[PDB]
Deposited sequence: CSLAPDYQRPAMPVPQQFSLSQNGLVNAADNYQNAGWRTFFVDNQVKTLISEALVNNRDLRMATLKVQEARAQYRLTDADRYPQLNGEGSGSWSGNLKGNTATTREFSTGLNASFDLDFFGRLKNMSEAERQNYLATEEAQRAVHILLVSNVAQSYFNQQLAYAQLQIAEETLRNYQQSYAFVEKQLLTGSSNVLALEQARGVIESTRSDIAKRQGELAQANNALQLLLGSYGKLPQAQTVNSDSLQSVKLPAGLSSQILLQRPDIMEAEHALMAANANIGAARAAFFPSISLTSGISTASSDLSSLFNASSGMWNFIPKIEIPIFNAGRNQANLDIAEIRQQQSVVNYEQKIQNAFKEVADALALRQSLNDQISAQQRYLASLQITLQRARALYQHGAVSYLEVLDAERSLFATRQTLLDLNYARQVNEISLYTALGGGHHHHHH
């Protein structure tokens, strides 16, 4: 029988709503097909996930090892014994023996059963941890893919900005050849060509870094995805009821893992309680003995045997009690751990919801800003070409336009990362 306390799910340590459903599969959440191809490959070859799978097997084997301790043992024994005096008849005595013995703990108060149940729960927790690494990998690969695509896109706008600045410069040169501009405007147009080449070189770096990170995550080194057009429709962004319950969190693998750890701790309390109670063992044996080898295996020399035993703990100076206290304190630790895991999950979902609003509003504003800058550039050119304003007006408008384009790319990347983070924080596929 078991002395373990019954499982009780701790009180929800977070509000019941995120601020006032089930995810689709990742094959549906991700629209872009390239990212899905990379995710599938990662699921096969990624080393971290492979390691997480092996840890599940290990824990399964440890469960088996511990469970085995509940079953009877049967073992053989062989012995020979020479001995004699040191004075007063120096004749050697000699005896041979052979034992075949079985052993069995009755485990009436469930010590061994519960140590086993604890290992089974650790195994269950380990499977959940595995599931967590699985969804975190899907998230990470996808993000890594979009980071690569961001690098491509940044490189692309940098090159077309280079082309633009080269045209601007050629034009100012032509003007100068007609004694129509000045040497200041020319040097300004030349400068921005160089800073743009610098940006190009930077984006090449980031691309290479993105590629290398992606290949580490895949655990494979085949050809990388090429640049593709990517947008808000690349993901099927989560739609959520207005009063989505916090209870969705309890479905994440990492939270289920914590739950199983809590059950393991309950089982360890049962095991520690059992120590206070009598324990009954049983050993039975077939045995033989003889002073010489010849008549050893003689039925004549044989003996059967059957010996039940009971041990009764009486006083142990608070050993059992201290050990029980450790188990109880550790169960309390598991409860806090469970609470921490949920509070952390709640923070991830709340942040991603807030960030979704913030990022959408930043992007919208940034788009309107860009449109205004394009108009500004056009007006500045016209006014400059008619000698009404200095070339600094053109330079300034170009710089801001280019910076805004790079910022807008970064924001769209942040938006996709956040959508992926949200999906994942809700438990993924």
Numbering from 1, run down the deposited sequence and write out every stretch that has no C-alpha in the structure. 21-31, 441-446
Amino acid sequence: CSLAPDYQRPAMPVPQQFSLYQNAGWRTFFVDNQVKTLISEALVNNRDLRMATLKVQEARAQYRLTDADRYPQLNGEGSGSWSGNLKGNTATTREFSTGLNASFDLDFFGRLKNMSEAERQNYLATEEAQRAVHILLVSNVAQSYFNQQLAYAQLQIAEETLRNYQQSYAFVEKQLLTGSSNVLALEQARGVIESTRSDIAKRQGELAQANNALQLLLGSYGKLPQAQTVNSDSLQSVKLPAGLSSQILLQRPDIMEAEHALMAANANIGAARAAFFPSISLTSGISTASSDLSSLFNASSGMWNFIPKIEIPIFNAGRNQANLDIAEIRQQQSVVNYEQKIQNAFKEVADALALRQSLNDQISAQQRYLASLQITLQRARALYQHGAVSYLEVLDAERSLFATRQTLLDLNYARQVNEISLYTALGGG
From here on, numbers count along this sequence of modelled residues.
Higher avg CA temperature factor (102-110 vs 149-157, as deposited) belongs to 102-110
Quick check on the record: does 256-264 or 306-314 carry the larger mean Cα temperature factor? 306-314
Identity of residue with top Cα B-factor, from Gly84, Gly270, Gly219, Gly205: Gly84
Would you mind checking which of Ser287, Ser144, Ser168, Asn337 has the top Cα temperature factor in the PDB entry? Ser287
Place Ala68 in the lowest, middle or highest third of its chain's C-alpha B-factors, as listed in the PDB entry. highest
Among the chain's modelled residues, which third holds the C-alpha B-factor of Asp351? lowest
Pull the Cα B-factor of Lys341 out of the PDB entry and bin it into the chain's lowest, middle or highest third. lowest
For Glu77, the third of its chain into which the C-alpha B factor falls: highest
In terms of the CA temperature factor given in the entry, to which third of its chain does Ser400 belong: lowest, middle or highest? lowest
